[PDB]
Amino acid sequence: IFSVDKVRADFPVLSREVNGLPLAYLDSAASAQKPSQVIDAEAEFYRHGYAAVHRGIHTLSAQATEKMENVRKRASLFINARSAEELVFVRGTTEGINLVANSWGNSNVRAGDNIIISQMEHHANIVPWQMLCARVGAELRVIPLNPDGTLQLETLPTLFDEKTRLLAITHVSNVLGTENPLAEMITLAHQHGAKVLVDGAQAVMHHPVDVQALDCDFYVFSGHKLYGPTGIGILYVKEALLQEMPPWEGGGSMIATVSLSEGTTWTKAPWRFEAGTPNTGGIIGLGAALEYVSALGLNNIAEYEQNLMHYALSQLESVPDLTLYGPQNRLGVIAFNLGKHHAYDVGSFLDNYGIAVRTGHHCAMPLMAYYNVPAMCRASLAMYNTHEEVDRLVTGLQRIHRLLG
């Protein structure tokens, strides 16, 4: 019961033009567009009920404070967290991982320990860890890759030992579209007493996610890629763990009491990790996005997308010299290169045709180096994308071939 027509109707940005031609936005993987329900949801808040949160004595203040917490609660349901107090608000996935890397990392990883990451990880789930290791004096281990864009799981036994503190894996790759066997991996990581942090910035909007079912200890995703506003993300941490974690950022709202002579005492999670004035407007907008996606049902969306993907792939076969990267059972994104032509030019011609695509390393250099490629193209397929747009890509891609030879 899904209708691309009814959906695309909510995104005003889609009826725009570029270079005089209709815009074919195939870069939702970099950041998704927002429906007018999400846009107005925030705007209205600013126009009719804006006030400082932090539970104030006056009305608007107390009302805003409540709306904010309802969003936290609603989001806990979305990923199916056990309780709303297991969710911390962050700017995005990047900040989320940095919070963990510091708060939890600095106090659980001693010199001599090792952390495991995959080779397909986005820079946000790499650098924060390299830094932790730099100062704590720990070892960083990487799960190699197979040619088809899948993790070489057979190497797991020789990476997971007694001194393995944490496993930071991506739920779904942002380039290959690969979806990793989280469940299984988490189990194995737990049998060694290691914690697991899943980076689901790419998973949250392609199908349902149950943090309880997975039993991951940390989960993060960004709102701007979930058809929502920028500057707001969600960090989920198991209550058991969160309570033990020390504050990262310090300031107002996250303290219980501040004394220049007695010292300062912190408040309790999650508020302990939310210092200063919130991104109230972004949160309100995130709620709108959450509610909107639920209205269509992740399963219905998951279906229309998987269908449009099969179409897209088969169609891309008629393009000569096209080289794809990743598994056949890919999700959301398509990584490719045209013959020996620099991705920068292929994307440049495509833009001229009114088609949006990303070209570069996609903040995933280690993965580019695995393929000896300096960069590739990445077309993204989202719920608001149509078959016609797929053809438009295929065609212009063949055109670029016949032209540049």
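Position 1 is the first residue in the sequence shown; the rest follow in order.
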| query | finding |
| --- | --- |
| 326-334 versus 84-92 - which carries the larger mean C-alpha B factor in the record | 326-334 |
| Greater mean Cα temperature factor according to the PDB record, 359-367 or 51-59 | 51-59 |
| Deposited CA B-factor, highest of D199, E274, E154, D217 | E154 |
| Residue with maximal Cα B-factor (values as given in the PDB entry) among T178, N125, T164, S222 | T164 |
| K67 - Cα temperature factor, lowest/middle/highest third of chain | middle |
| CA B-factor placement of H171, once the chain's modelled residues are sorted into thirds | lowest |
| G354 by Cα B-factor - lowest, middle or highest third of the modelled chain | middle |
| Third assignment of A343 from its chain's C-alpha B-factors | highest |
| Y227 - which third its CA temperature factor falls in, relative to the rest of the chain | lowest |
